């Protein structure tokens, strides 16, 4: 019964057999010598197929999510693409969230639709809407919780039962929460998706993705697509992601504490119309968040009274929060989803409000973050 922080450092990461090296080597190699034809050493043959550094990351992620198999990819989006290429085909249907990362929307609507996959965007916070959106062709329900960027909450255990009753898979994109705060497989999810670019790598310095599954056969079907389509994490990126994972617990603890302080500063600020944070008792889905999340995350969104004009001004004015896409780094980030990460959802059911600002609250000294926001908000 090893604890999460122990697993993050040790799972998949036994000291090297030959040398005792305490950290997994970077196997910057394409290929592997065989002892006679098919005589694999340690099961390795070609780095696309499997690479020992990538195996370490895959085994660690499986341990942290409580799954049987992890698979690492070149980006979050490549994990999504390999997943959907594996579980869908022409004629199938997907339920996606009505608030989700714009790239997810873009991949489903602009690539998979052209390849014959139908879809509907549903309010996943409303289990009735999810149950009635099921079609005979539905292969999967795609869940983000909290959603990007509104931080809406979906009851994983409830939606798992709806998916399974329809013989569909439940996919949970656990990027925002991370395995430290939320463990979807433990609530009946079939697949967990991550952008490891975010909290897992933790340092805004490595683009990557991952899948973790409960079912070994689905894991083998995904692995066939990992090998065949080849959208793999390279060994050095996998190595940096794994290095980041070692501090996930201590980072997330501080992200959550700093975000709670930032929410206190935003609530009742006269220029702020609305604060979105799953820890606020009146946030939609707060009680679901309390039952399925250890803590409420580092992400905070808010709507400016003065509209788009005011939101764009705040974004430009921060001196510690950096105006950039992405999230989950040690460094604080700010963005305007409507013109940045979610420009790809303009005109759709997933369009974000133009008065919204999204924060990734970092692990900087909290007074510096609060003071930076307060000066940026001053009209």
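Numbering follows the first chain given and starts at 1.
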Can you let me know which of the two, 135-143 or 74-82, has the higher average C-alpha B-factor in the entry?
-> 135-143
Tell me which of 201-209 and 89-97 has the higher mean C-alpha B-factor in the deposited entry.
-> 89-97
Name the one of 230, 281, 249, 234 with the greatest CA B-factor according to the PDB entry.
-> 281
Please pick out which of 225, 243, 255, 294 has the largest Cα B-factor as recorded in the entry.
-> 294
Based on the entry's values, in what third of the chain does the Cα temperature factor of residue 168 lie: lowest, middle or highest?
-> highest
By the record's CA B-factor, is residue 301 among the lowest, middle or highest third of residues in the chain?
-> middle
Should residue 37 be placed in the lowest, middle or highest third of its chain by the C-alpha B factor in the entry?
-> highest
Residue 288's Cα B-factor: lowest, middle or highest third of the chain?
-> highest
Cα B factor band for residue 174 (lowest, middle or highest third within the chain) = lowest
